[PDB]
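> Chains as they are written, first to last, in PDB author numbering: chain J, 1 to 195; chain X, 1 to 195; chain Y, 1 to 212; chain I, 1 to 204; chain H, 1 to 226; chain a, 1 to 233; chain Z, 1 to 222; chain N, 1 to 196; chain b, 1 to 196.
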Amino acid sequence: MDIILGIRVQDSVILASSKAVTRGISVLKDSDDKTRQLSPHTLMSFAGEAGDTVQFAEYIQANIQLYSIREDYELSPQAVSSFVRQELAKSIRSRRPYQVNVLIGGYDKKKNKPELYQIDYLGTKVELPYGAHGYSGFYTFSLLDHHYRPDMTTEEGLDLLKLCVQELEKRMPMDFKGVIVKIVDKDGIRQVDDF
Amino acid sequence: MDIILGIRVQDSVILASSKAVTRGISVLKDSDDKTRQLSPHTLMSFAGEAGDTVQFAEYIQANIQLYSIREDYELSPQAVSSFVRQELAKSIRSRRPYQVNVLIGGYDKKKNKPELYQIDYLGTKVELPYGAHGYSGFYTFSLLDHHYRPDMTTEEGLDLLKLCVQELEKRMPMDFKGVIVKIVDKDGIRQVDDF
Amino acid sequence: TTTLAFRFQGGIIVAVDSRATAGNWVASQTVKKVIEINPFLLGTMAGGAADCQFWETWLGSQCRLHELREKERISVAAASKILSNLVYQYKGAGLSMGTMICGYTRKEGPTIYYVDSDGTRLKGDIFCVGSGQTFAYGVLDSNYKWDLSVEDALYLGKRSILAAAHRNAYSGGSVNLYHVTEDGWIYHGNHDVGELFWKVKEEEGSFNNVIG
Amino acid sequence: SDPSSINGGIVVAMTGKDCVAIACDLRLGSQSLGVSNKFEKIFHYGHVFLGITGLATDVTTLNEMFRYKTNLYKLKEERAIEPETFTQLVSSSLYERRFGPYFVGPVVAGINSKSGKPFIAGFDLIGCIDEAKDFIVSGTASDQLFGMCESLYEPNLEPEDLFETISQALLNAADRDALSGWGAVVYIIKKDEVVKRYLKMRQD
Amino acid sequence: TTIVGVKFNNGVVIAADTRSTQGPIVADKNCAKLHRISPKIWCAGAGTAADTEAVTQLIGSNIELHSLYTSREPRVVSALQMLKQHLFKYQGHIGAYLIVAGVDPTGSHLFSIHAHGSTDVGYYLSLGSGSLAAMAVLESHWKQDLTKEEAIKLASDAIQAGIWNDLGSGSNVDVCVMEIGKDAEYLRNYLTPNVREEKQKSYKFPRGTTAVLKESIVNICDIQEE
Amino acid sequence: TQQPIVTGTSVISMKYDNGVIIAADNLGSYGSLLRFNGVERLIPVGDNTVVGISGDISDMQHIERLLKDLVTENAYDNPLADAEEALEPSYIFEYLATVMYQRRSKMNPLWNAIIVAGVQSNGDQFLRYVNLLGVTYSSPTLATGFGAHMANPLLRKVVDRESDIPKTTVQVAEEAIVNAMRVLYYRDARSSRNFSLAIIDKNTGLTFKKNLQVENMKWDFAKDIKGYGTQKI
Amino acid sequence: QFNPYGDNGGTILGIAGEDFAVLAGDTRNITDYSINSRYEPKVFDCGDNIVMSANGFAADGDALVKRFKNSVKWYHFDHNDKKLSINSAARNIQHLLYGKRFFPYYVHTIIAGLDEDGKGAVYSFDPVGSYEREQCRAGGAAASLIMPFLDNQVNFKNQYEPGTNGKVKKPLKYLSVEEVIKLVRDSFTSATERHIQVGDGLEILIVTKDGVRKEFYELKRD
Amino acid sequence: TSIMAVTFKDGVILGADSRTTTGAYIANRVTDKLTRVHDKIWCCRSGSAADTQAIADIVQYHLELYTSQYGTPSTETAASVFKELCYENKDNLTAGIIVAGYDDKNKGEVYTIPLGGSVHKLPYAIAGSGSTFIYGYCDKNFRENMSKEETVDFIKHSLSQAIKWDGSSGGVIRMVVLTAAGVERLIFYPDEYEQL
Amino acid sequence: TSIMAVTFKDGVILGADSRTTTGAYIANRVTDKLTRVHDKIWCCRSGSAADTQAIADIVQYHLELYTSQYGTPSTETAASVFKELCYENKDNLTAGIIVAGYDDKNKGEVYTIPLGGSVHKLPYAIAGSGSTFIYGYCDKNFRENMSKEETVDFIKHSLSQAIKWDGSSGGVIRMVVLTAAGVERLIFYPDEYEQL
Ligand SMILES: *[C@@H](O)[C@H](CC(C)C)NC(=O)[C@H](CC(C)C)NC(=O)[C@H](CC(C)C)NC(=O)OCc1ccccc1
Ligand SMILES: *[C@@H](O)[C@H](CC(C)C)NC(=O)[C@H](CC(C)C)NC(=O)[C@H](CC(C)C)NC(=O)OCc1ccccc1
Ligand SMILES: *[C@@H](O)[C@H](CC(C)C)NC(=O)[C@H](CC(C)C)NC(=O)[C@H](CC(C)C)NC(=O)OCc1ccccc1
Ligand SMILES: [Cl-]
Ligand SMILES: [Cl-]
Ligand SMILES: [Mg+2]
Ligand SMILES: [Mg+2]
Ligand SMILES: [Mg+2]
Ligand SMILES: [Mg+2]
Ligand SMILES: [Mg+2]
Ligand SMILES: [Mg+2]
Ligand SMILES: [Mg+2]
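(1) Determine the chain I residues that contact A211(H) at a beta-carbon separation under 7 Å, and present them in chain order.
(2) Quick one: which chain J residues come within Cβ less than 9 Å of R19(Y)?
(3) For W42(H), list the residues DSSP reports as bridge partners.
(4) In chain Y, what lies closer than 7 Å to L143(J) by C-beta?
(5) Any heavy atom of ligand 10 within a distance shorter than 6 Å of the CB on residue 240(H)?
(6) Whose CA, out of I86(Z), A112(Z) and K157(Z), lies closest to the CA of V168(Z)?
(7) Could you give the DSSP three-state label for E226(H): helix, strand or coil?
(8) Report the neighbours of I25(X) on chain Y: residues whose CB is nearer than 7 Å to its CB, in chain order.
(9) Are the Cβ atoms of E193(Z) and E150(I) separated by less than 7 Å?
(10) Just checking, does the segment 96-114 of chain X make contact with the segment 36-53 of chain X on the three C-beta pairs under 8 Å criterion?
(11) Measuring only the C-alpha atoms, how far is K209(Z) from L84(Z)?
(12) Closest Cβ-Cβ distance between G51(X) and chain Y: below 7 Å?
(13) Confirm, please, whether the CB-CB distance from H35(H) to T48(H) is below 7 Å.
(14) Can you determine whether any heavy atom of ligand 12 sits closer than 6 Å to the C-beta of residue 199(b), and answer yes or no?
(15) Look at the alpha carbon of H62(N) and the alpha carbon of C86(N), and state the distance between them as a whole number of angstroms.
(16) In terms of DSSP beta bridges, what is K190(I) paired with?
(17) Tell me, please, whether the segment 170-190 of chain N touches the segment 144-161 of chain b by the rule of three or more beta-carbon pairs shorter than 8 Å.
(18) Counting C-beta neighbours from all protein chains within 10 Å, is the total for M4(b) 16 or more, i.e. buried, or is it exposed?
(19) When the Cα of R221(Z) is compared with those of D25(a), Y228(a), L27(a) and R161(a), which residue comes out closest?
(20) What are the boundary residues of the alpha helix (DSSP H) that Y193(b) is part of?
(21) CB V65(Z) to CB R101(Z), shorter than 7 Å?
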């Protein structure tokens, strides 16, 4: 289970993603960044089958970067999420589907609002205040159902996120080797180097 | 994978056993002692299928305690291990076999020697300087092949054991929630409360 | 199904939901997942309804026979082990049971045992069992402290079930609360989720995922 | 495994006197896990309303598809599509995927702008039309909805009465289904006004 | 489903019940199983409902275009040939079981079509889950040289046998009569022997009974001027 | 658990004003092979009961022996064996129904479908069904196998409910049964033309008719049927 | 391979009043798409003012009812003709069902009668013996159609008092026997319309302090 | 199904029962299994009704087009077209066909085409599920150069027995006579052939 | 295997081929399938060689013990013992047996016992894989009260055809004649019966 979490607060979106890469019986790496910057104000985390995850993320990244150059304009998070959903919805009826689940965290510069989209490998899109893929949601959703507000600050969002990670580290069976946390706001994307 | 390790040094046997009990997606407990004292100078650790492990251990414990009362005498570790092996060898051809692997660490008061026996659920017994069950051995055996001596002290044995646990915590995918360590020597059995 | 039980300063809190399902079909919203074995013993039910009901009422008969023969009450350890030894005989036959045997005696103090149809018997301070265990764990674990008040502890247990009733499709209906002390158990009422959810949302200011 | 019951959800439609009503729950889940309580299943193209139950990706995909087709229809025909015509378009569009179908249960509702006649219709996942006078049901609690509608429904109900009947049919059916609920929306549709109401229901 | 076809003196009649089912549940209590391929060629369908409708409309469309191309009224053997070759190509995966009947310049005709592409000719036929109940009636009461009135009676009686005795069939009886030298008469709900009795109680609720959170007007109109 | 080998097809029956009628063809099939052409599948018990059996014939012969042994056993130490304490249809049925449900519960069924037709001591008509699963039910008309699908519809046109029984004479009922047997010969691929029929009347007693044949069949219209569609010649 | 189970269809319904109780069931018996009987009784008077129905696989249902009737008989023999209370009957039936836990009676069982305080009682069972006292319960083929209607019209679920708008619930006023039979008849009339295994006839058994009474009503035969 | 074709002095006669089944239900008791692919080239159909109809329709098309270009085709030629379809599509077909025709040069000829798609020219042929029961009877009773009346009796007696023992066979006995005189259709009802 | 038993005026005759196979290999080409359970009660065996031998050995034991206590058993009695074994052990047996015997009171009798374990008393009976091909021939050619020489010819001609068409049947034709005169064994070789 490749833990990926997301929380949308007052003025930003926070994505947390596990660092472990386990192939069989061995943890091959404990510092893996399961995310790609699609545009300056849009970040996508991902989790699923080996190989497919990175291949899909980089493919999406390339397409959005192509759009940005062509139009000299950044697509809204809503527009990027719809593009991503269609690719997955197309993929599910292919010969060999992309087995990838994603969270898209973005800051809409037009509306001055943070936005979090959860999309699974079938192409099921939902906009949420907080989201998760895989087994993480079984612990974190109910926990966030209790501790979330729409008017929370970024610092309160991080404390709330620490609470989620602590619960996961206590009750989940695999060692996912901690998480890399990234914040998406009006100023762009930045990584929290100490978590 | 329910990590159980064992190392026989100069004058003692050291058993290390994981604390986690994971049923499905949740870690129900993080302080479980996977061992039973069979006699004052004989300790058995165990790992296998849920329910069977404890049922088997306590059954063996009861039998050895019965022998001790009847004869007013403690059986040698070799004798206890042979009894345990026969029970498992009997079990494997039963209607529903005991799905339990064990390590038996004991100090023979007659020969003044520590002894470590590794027995799997089929009834396969081997006397060893160091042993492990399940996937733990895939990491620890080669590591101990490099760092072991027959004339090591108990303190050197514990440092060597810390090295094994650190490697397991680094490369194994499940969080086994640390280990409970117990030492078996001429003075009996005692637990290392800080590890 | 969501059931929990945890040890604290004022004894034990036991909280359960009330839903029973058959596939996606909600068969009952009013089932009793706590069994009053005796004035100091409680049993929780998760998994097979019949299996849990039958063998835990059977357990009460065995506990009663114990105190007739021994002129003394049965320990929580002995009671839990009667049930675990019983299901171990049936292992492989297909019983489906996830139970907590909660109680108090003088020599043990407040005690909780998790007993399983796989034969697993575990002593511990906190347990959540059923299809909603993960959801209850999330709330319970993040807000648990050893020094809660009988009032705060009762609420936490109630709140943890509510959390799971909300997110878990196969949990819901209502919350049955119990509190176990030196002097036995005490019922703390049936709490319909249809009213409790909105009450908690308003008073606590949580559940912002919902339109209200 | 069964695509039609992974996400869960329900839709129901009813006719009344010079009016129609269409309603849906708000849940979206991954089997036991509830994920979203704002997943509306009713869409509208002009004055024609479409509810869709089943696999959520296909629900989203089909809405986008029928928005596409109805927009082109309007540009070419120079008029909004009617419910009878739209019903045939849904049937056609589903059957072209006969051996690789969308796992959905669509429901059309609306009033003919010319004749003023109330109209509802339902389909299976591959296109078969169920044009009923009284009511149409779809979703994981369709059995429950059939029982509620069949007992509660009476013909020629006034808009404000029809609202109560359909809302109670949905609510009580949803409460007997694990994969339905988490909120509900009801549309009351008249020839030149449409009211949308969010219902208060139990959130478990 | 119960569908039948009966030949008579100067034409042919087909009939069907009006129950539509999804497993043990009745989806539609007044389904129309009698389809039109051309004005004087009608067919009744059993099996997969979407398949019988789609295959009927397709062949009906191509029959119309063929009729226009040839400046001739369509023949039943043409519809029969086009249907069977289509169904055969799809190897039974299109679950359409049809009774095709009609009149044309050649005369009156009656055929059945199986989903794998086999056709059969007959004076009396029955298809669907109630075909055995219907065929028992047809085998008991059918005779040569039936009148129009006798054939309609026999057909509807055969459908009734399915309605009462088969759980897959029910509700009403539809009929279509195709006589030579005449317009075909479609008799929708020819019989209505299954009207629901008055309910003991009215379940009309008091206004305000349902709890509401939000109200809002929905904008169905286009973007406005000024 | 087994599979049926040599099998008997439909058994049909109905009540009428003064009694019951039951019938079944004389065939023992071996899959698609119409192997044995002289098999009696109606077995009388006393002068007031007839058991009609379909399904596996070896199991039928076993049941035949159980009933024969039942009569023997009932006569033991019973001076009223041919009078007040004679075997009733209700007794015989419940016995079989007990056996059938016991055998299915041991996962070793008697692969049959049975109809017990008879008249009770008080003149009441008895007609009840039981099969390999131990499932039982009663109705004015009863039929097994293909008869359930084709005969029941025809017999229910005569006796649609309980109130139609006194209105139904023995001539009308026998006519309906004989017609139904013809229809089954037209349409059941494992039926024979030859059959047996039994009437149990409260006044005239048990009338057992053997070597009956399906007659007045309609085949002439076959000559006009040519090809499968377009073939004129 | 031999399949020891079957499905005979049918639907049953138990409602408990303040001083009475009803247990209704349709009289149709089926296999697959055929009708076996239009009138085959499914609800039985078991003695001691207790009525019972075991719906699903009829062979198992008949066996269970037969065994429980036998249990009542031996309860009188063994305990000085003592009346078997409804709660004691329910517990006895649990053991009958759980005794075949590993080869179950494939039925939904419902019993009805009066408790020891004279109030109406209904008990509902799963196939392997889990039971619960309820005010209302439908069982069998069309149970999914009927139960939601009963939640709404018997327990006034999702119903509130006009003017308050969702603040105050509809009060739980008791239902008379005449009002209950109306809900039963409408429940079965509705179920007959939309479920193919339901129809032919409706037989209701009403239980009061005065005894066990029967009422029969016709249902659509298609 | 019970089908057969028998050559005799004046030409060839095709014979068949009229039963079509779905399991044990007789879907059609008056089926016509003797189908025309050319004026004096007919075939007997066994196996799948759909497959054999589709094949026979295609063959009739090929021989109609053959006739337009090259004149009347031989019976051997018709059997070759049947074979080509049955052999090349053997994986997807369940068709046992007997081809029978009359030339003036070659007179009566019979070709049988079993499941594989092989061709076998024979004096007479039998096929269908009911044929198994009359291998003994037909072998013992067949003679070359029989008369029309003798050949009709041979087919009638043979199919009578096939119908008697095979549940999948029954109804009427249809026959098609192919000679220089023309094409004669015959029919024989149960009351006639059962008492034989 | 092709086996048959035929009653006639003076008694009954049993007949059988001599082929035993393992797939397509003939393990024994001179098998004796006509086996004795009593002086004048014999049986024809088909199906599993092991099963039918074990059964016949047990029956012979039962009738030997019957004879010691109650005197000569009837043919019906012997068929009942066969039935009891075949019926009660139907799950584990593959045995198709024809029982044939001669009494002075009852004369020639024939009972056939197919797979299920049912019993059928008949004027004549046929069984085995090769019997399928002679249902038509035997039904048309059998008469009651035939002579010995006619019955031998009937069996010889019937089994000849069964052997001709069935690959599992072949070798010699063995026959056992049961009359008041005694027990006569007959044999007929390929060169004799193939040319029929
Ligand atoms: C939650 O764990 C809850 C606790 C019970 C004490 C109510 N259990 C269930 O809801 C459980 C589903 C579990 C296993 C996921 N449901 C049942 O046990 C169910 C209860 C009845 C009252 C609906 N019974 C059931 O499914 O029957 C078993 C069965 C089915 C068919 C044939 C034989 C036996
Ligand atoms: C006798 O062999 C007869 C000859 C036909 C040419 C009339 N065949 C059948 O009756 C045949 C038997 C089956 C077992 C091959 N039945 C059918 O072909 C049947 C006819 C329809 C009208 C019911 N079709 C059928 O069962 O479809 C399925 C199928 C498809 C392909 C191959 C076999 C069966
Ligand atoms: C013809 O039916 C003949 C009659 C015997 C009584 C001689 N049977 C066989 O030849 C028989 C055919 C098989 C398919 C049933 N072959 C055997 O029985 C064969 C004989 C041995 C000596 C090779 N045995 C055999 O194949 O053993 C396996 C087996 C076991 C049980 C049932 C069938 C087959
Ligand atoms: Cl055909
Ligand atoms: Cl041998
Ligand atoms: Mg999702
Ligand atoms: Mg080992
Ligand atoms: Mg829930
Ligand atoms: Mg719900
Ligand atoms: Mg009905
Ligand atoms: Mg036949
Ligand atoms: Mg053989």
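Every residue gets a Cβ at the ideal spot worked out from N, C-alpha and C, and that includes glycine.
Result, derived from the coordinates:
(1) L199 and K200
(2) Ordered by position in chain J, no residue passes the 9 Å Cβ test against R19(Y), which lies about 16 Å from the chain.
(3) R36(H) and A101(H)
(4) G138, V139 and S142
(5) There is no way to answer for residue 240(H), as the model of chain H reaches only from 1 to 226.
(6) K157(Z)
(7) coil
(8) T134
(9) yes
(10) yes
(11) 14 Å
(12) yes
(13) no
(14) What is shown of chain b runs 1 to 196, which leaves residue 199(b) out entirely.
(15) 14 Å
(16) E193(I)
(17) no
(18) buried
(19) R161(a)
(20) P190 to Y193
(21) no
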